[PDB]
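Let me begin by presenting the structure, written as structure tokens, before commenting on it.
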Amino acid sequence: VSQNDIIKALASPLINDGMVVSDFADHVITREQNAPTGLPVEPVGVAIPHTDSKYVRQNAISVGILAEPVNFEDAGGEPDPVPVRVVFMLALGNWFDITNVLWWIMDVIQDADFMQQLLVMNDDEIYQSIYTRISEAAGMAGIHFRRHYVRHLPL
Amino acid sequence: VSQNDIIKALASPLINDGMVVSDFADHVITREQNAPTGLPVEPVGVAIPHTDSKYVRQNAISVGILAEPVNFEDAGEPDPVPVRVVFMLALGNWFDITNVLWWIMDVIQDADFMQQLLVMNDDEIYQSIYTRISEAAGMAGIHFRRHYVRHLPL
């Protein structure tokens, strides 16, 4: 899988559900190229690909679990790429939403045991687990997260 | 005074200090166009203009207080936000972005502090913001200097 392949696969449910505009994936791709979203966290690399809120209709997150790592560029410019296994595609409507969701994500990904679990669980289990955590966070109110917003790649 | 004027004025000290690349202001302006940073908060309108980290050399914040309101569009609402306080951000990665946004969204809910910013002097604003930044562990590594505060026009 390439980065663009992943972005398109994860954008699909959001486009289909009307959460974002028809060309959302193209914009995430261009945004990714200018502003990489590889997060060099251990032991499971994460990416948070997204674009601008003008392409978002309702707030949503689409999750991809990658069987093999896929390199994303480090958001901070370091030459070592990020070996991404977990991808949180973000579709957010304003900077208040962006702030609340970034804070939640940066916290969740510090849970090493949780992040290892994401790599062995099936889609039902991953959906249950993330949904549950989303539901306990006031800051995540108003974010759509449906069972078809989780998938393993390749599909 | 338009946005670009504010953006160029706040970019100047960061450019001079080497905190950002020479053409930082133009990249902030182009990103403002597609991802506007007006924050419709009460009692004072705020903006958080910034651009991508490739244009950033070191983490910094540049603060502007405006005598009259300058409109920044609202990313959410068709009407623009009448902004009186501007936090220009120069941040190098998503951990930095997260920590600084978290801090900013908290600060601007404090109505008293935000009212004080509209009458305090450059020295008093600098000391207040410097205290509030330093008292925050998540705000470590962010450069904030006396000349990163200004009233516009200047």
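Identifiers for the structure tokens are assigned positionally: chains receive A, B, ... in sequence, residues are indexed from 1 per chain, and ligands are indexed from 1 in the order shown.
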Fewer than 4 positions away in the same chain doesn't count, so skip those; otherwise give me all residues within 9 Å of residue 25 in chain B, counting only C-alpha atoms, as a PDB file with N, CA, C and O atoms, in the first residue's frame.
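The result, stored in out-v1.pdb:
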ATOM      1  N   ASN B   4      -3.739  40.461   6.072  1.00  0.00           N
ATOM      2  CA  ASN B   4      -2.394  40.294   5.564  1.00  0.00           C
ATOM      3  C   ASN B   4      -1.464  41.272   6.232  1.00  0.00           C
ATOM      4  O   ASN B   4      -0.328  40.951   6.534  1.00  0.00           O
ATOM      5  N   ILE B   7      -0.829  39.911   9.606  1.00  0.00           N
ATOM      6  CA  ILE B   7       0.020  38.725   9.436  1.00  0.00           C
ATOM      7  C   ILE B   7       1.468  39.138   9.173  1.00  0.00           C
ATOM      8  O   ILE B   7       2.385  38.642   9.827  1.00  0.00           O
ATOM      9  N   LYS B   8       1.680  40.058   8.237  1.00  0.00           N
ATOM     10  CA  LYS B   8       3.033  40.543   7.951  1.00  0.00           C
ATOM     11  C   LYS B   8       3.693  41.205   9.176  1.00  0.00           C
ATOM     12  O   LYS B   8       4.889  41.004   9.435  1.00  0.00           O
ATOM     13  N   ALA B   9       2.920  41.994   9.918  1.00  0.00           N
ATOM     14  CA  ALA B   9       3.434  42.710  11.093  1.00  0.00           C
ATOM     15  C   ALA B   9       3.853  41.761  12.215  1.00  0.00           C
ATOM     16  O   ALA B   9       4.885  41.959  12.858  1.00  0.00           O
ATOM     17  N   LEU B  10       3.053  40.727  12.454  1.00  0.00           N
ATOM     18  CA  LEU B  10       3.372  39.744  13.489  1.00  0.00           C
ATOM     19  C   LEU B  10       4.484  38.779  13.055  1.00  0.00           C
ATOM     20  O   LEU B  10       5.200  38.233  13.896  1.00  0.00           O
ATOM     21  N   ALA B  11       4.636  38.580  11.750  1.00  0.00           N
ATOM     22  CA  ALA B  11       5.648  37.676  11.217  1.00  0.00           C
ATOM     23  C   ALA B  11       7.048  38.282  11.362  1.00  0.00           C
ATOM     24  O   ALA B  11       8.035  37.566  11.517  1.00  0.00           O
ATOM     25  N   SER B  12       7.115  39.608  11.323  1.00  0.00           N
ATOM     26  CA  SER B  12       8.384  40.330  11.274  1.00  0.00           C
ATOM     27  C   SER B  12       9.395  39.937  12.365  1.00  0.00           C
ATOM     28  O   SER B  12      10.545  39.604  12.050  1.00  0.00           O
ATOM     29  N   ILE B  15      10.661  36.326  11.802  1.00  0.00           N
ATOM     30  CA  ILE B  15      11.596  36.326  10.677  1.00  0.00           C
ATOM     31  C   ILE B  15      12.958  36.864  11.124  1.00  0.00           C
ATOM     32  O   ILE B  15      13.988  36.232  10.920  1.00  0.00           O
ATOM     33  N   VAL B  21      11.164  30.856   8.215  1.00  0.00           N
ATOM     34  CA  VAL B  21      11.800  31.174   6.929  1.00  0.00           C
ATOM     35  C   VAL B  21      11.418  32.578   6.448  1.00  0.00           C
ATOM     36  O   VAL B  21      10.424  33.148   6.884  1.00  0.00           O
ATOM     37  N   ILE B  29      -0.435  33.659   4.899  1.00  0.00           N
ATOM     38  CA  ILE B  29      -1.530  34.280   4.163  1.00  0.00           C
ATOM     39  C   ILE B  29      -2.234  33.256   3.266  1.00  0.00           C
ATOM     40  O   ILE B  29      -3.453  33.162   3.278  1.00  0.00           O
ATOM     41  N   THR B  30      -1.475  32.468   2.514  1.00  0.00           N
ATOM     42  CA  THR B  30      -2.113  31.518   1.598  1.00  0.00           C
ATOM     43  C   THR B  30      -2.896  30.444   2.356  1.00  0.00           C
ATOM     44  O   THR B  30      -3.956  30.014   1.902  1.00  0.00           O
ATOM     45  N   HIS B  50      -1.523  30.708  11.142  1.00  0.00           N
ATOM     46  CA  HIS B  50      -0.300  29.933  11.072  1.00  0.00           C
ATOM     47  C   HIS B  50      -0.196  29.219   9.729  1.00  0.00           C
ATOM     48  O   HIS B  50      -1.065  29.362   8.881  1.00  0.00           O
ATOM     49  N   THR B  51       0.876  28.457   9.535  1.00  0.00           N
ATOM     50  CA  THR B  51       1.097  27.757   8.292  1.00  0.00           C
ATOM     51  C   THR B  51       1.767  26.419   8.604  1.00  0.00           C
ATOM     52  O   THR B  51       1.786  25.989   9.751  1.00  0.00           O
TER      53      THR B  51
END
Please, which residues in chain B fall within 7 Å of chain A when counting only C-alpha atoms, and what is the closest atom pair and distance in Å to one decimal for each, ordered by chain then residue number, as JSON lines?
{"residue": "B:35", "atom": "CA", "partner": "A:52", "partner_atom": "CA", "distance": 5.8}
{"residue": "B:52", "atom": "CA", "partner": "A:35", "partner_atom": "CA", "distance": 5.8}
{"residue": "B:53", "atom": "CA", "partner": "A:76", "partner_atom": "CA", "distance": 6.8}
{"residue": "B:75", "atom": "CA", "partner": "A:94", "partner_atom": "CA", "distance": 5.3}
{"residue": "B:76", "atom": "CA", "partner": "A:94", "partner_atom": "CA", "distance": 4.6}
{"residue": "B:92", "atom": "CA", "partner": "A:76", "partner_atom": "CA", "distance": 5.5}
{"residue": "B:93", "atom": "CA", "partner": "A:76", "partner_atom": "CA", "distance": 4.6}
{"residue": "B:94", "atom": "CA", "partner": "A:75", "partner_atom": "CA", "distance": 6.6}
{"residue": "B:98", "atom": "CA", "partner": "A:102", "partner_atom": "CA", "distance": 5.8}
{"residue": "B:101", "atom": "CA", "partner": "A:99", "partner_atom": "CA", "distance": 5.8}
{"residue": "B:102", "atom": "CA", "partner": "A:99", "partner_atom": "CA", "distance": 6.1}
Among range 3-154 of chain A, which residues does DSSP mark as helix (DSSP H, G or I) when it is run on the backbone? Keep the chain and numbering as in the structure and answer as a ChimeraX atom specification. /A:3-16,24-34,53-55,95-108,112-118,123-135,138-140,147-149
Just want the 7 Å neighbourhood of range 1-18 of chain A, counted on only C-alpha atoms, with same-chain residues fewer than 5 positions away dropped. Output as a list in words. residues 25, 29, 62, 63, 64, 70, 89, 148 and 149 of chain A
Would you output that residue set with N, CA and C atoms, as a short mmCIF file (atom, residue, chain, number, x, y, z; two decimals), in the first residue's frame?
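Output (selection.cif):
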data_model
loop_
_atom_site.label_atom_id
_atom_site.label_comp_id
_atom_site.auth_asym_id
_atom_site.auth_seq_id
_atom_site.Cartn_x
_atom_site.Cartn_y
_atom_site.Cartn_z
N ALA A 25 -10.70 13.21 -0.60
CA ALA A 25 -9.44 12.46 -0.58
C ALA A 25 -8.32 13.20 -1.31
N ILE A 29 -4.79 14.34 0.38
CA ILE A 29 -3.53 14.01 -0.30
C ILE A 29 -2.61 15.23 -0.49
N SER A 62 -12.28 8.16 10.52
CA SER A 62 -12.19 6.90 9.81
C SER A 62 -10.85 6.27 10.22
N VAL A 63 -10.90 5.01 10.66
CA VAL A 63 -9.74 4.31 11.21
C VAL A 63 -9.30 3.20 10.27
N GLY A 64 -7.99 3.15 10.02
CA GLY A 64 -7.39 2.07 9.25
C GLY A 64 -6.31 1.37 10.06
N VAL A 70 3.39 1.25 6.81
CA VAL A 70 3.49 2.11 5.63
C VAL A 70 4.15 3.42 6.06
N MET A 89 -7.91 9.01 10.22
CA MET A 89 -8.30 10.07 9.29
C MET A 89 -9.35 10.97 9.94
N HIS A 148 -18.64 0.94 10.02
CA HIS A 148 -17.91 0.96 8.74
C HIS A 148 -16.86 2.08 8.67
N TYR A 149 -16.55 2.70 9.80
CA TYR A 149 -15.42 3.65 9.88
C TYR A 149 -14.19 2.95 10.45
#
Identify which of the residues B:41, B:19, B:133, B:56 lies closest to residue 100 in chain B, counting only C-alpha atoms when measuring atom-to-atom distances. B:133
Quick one: residues within 7 Å of residue 118 in chain B, only C-alpha atoms, excluding same-chain residues fewer than 3 positions away - as a list in words?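 Once the adjacent positions are removed, what remains is residues 65, 114 and 115 of chain B.
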Give me, as a PDB file with N, CA, C and O atoms, in the first residue's frame, all polymer residues having an atom no more than 10 Å from residue 132 in chain B, counting only C-alpha atoms and skipping those fewer than 5 positions away in the same chain.
ATOM      1  N   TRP B 103      -3.761  24.978  24.977  1.00  0.00           N
ATOM      2  CA  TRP B 103      -3.490  26.136  25.809  1.00  0.00           C
ATOM      3  C   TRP B 103      -4.305  27.340  25.351  1.00  0.00           C
ATOM      4  O   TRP B 103      -4.972  27.976  26.163  1.00  0.00           O
ATOM      5  N   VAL B 107      -7.041  29.618  27.438  1.00  0.00           N
ATOM      6  CA  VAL B 107      -6.759  31.024  27.725  1.00  0.00           C
ATOM      7  C   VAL B 107      -7.893  31.966  27.329  1.00  0.00           C
ATOM      8  O   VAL B 107      -8.267  32.846  28.103  1.00  0.00           O
ATOM      9  N   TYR B 126       3.187  41.027  27.952  1.00  0.00           N
ATOM     10  CA  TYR B 126       4.308  40.098  27.855  1.00  0.00           C
ATOM     11  C   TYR B 126       4.493  39.291  29.134  1.00  0.00           C
ATOM     12  O   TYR B 126       4.704  38.075  29.087  1.00  0.00           O
ATOM     13  N   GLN B 127       4.439  39.977  30.274  1.00  0.00           N
ATOM     14  CA  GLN B 127       4.620  39.328  31.563  1.00  0.00           C
ATOM     15  C   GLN B 127       3.478  38.355  31.851  1.00  0.00           C
ATOM     16  O   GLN B 127       3.717  37.244  32.324  1.00  0.00           O
ATOM     17  N   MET B 139       3.607  23.662  27.367  1.00  0.00           N
ATOM     18  CA  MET B 139       4.022  24.817  26.585  1.00  0.00           C
ATOM     19  C   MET B 139       5.537  25.000  26.608  1.00  0.00           C
ATOM     20  O   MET B 139       6.042  26.050  26.213  1.00  0.00           O
TER      21      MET B 139
END
Quick one: pull the distance between CA of residue 74 in chain B and CA of residue 38 in chain B, Å, one decimal. 5.2 Å
Contact residues around range 81-86 of chain A with only C-alpha atoms at 8 Å, ignoring same-chain residues under 3 positions, as a PyMOL selection string: chain A and resi 38-40+44-47+63-74+78+118-119
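Taking CA of residue 131 in chain A and CA of residue 112 in chain A as endpoints, the distance between them is 18.1 Å.
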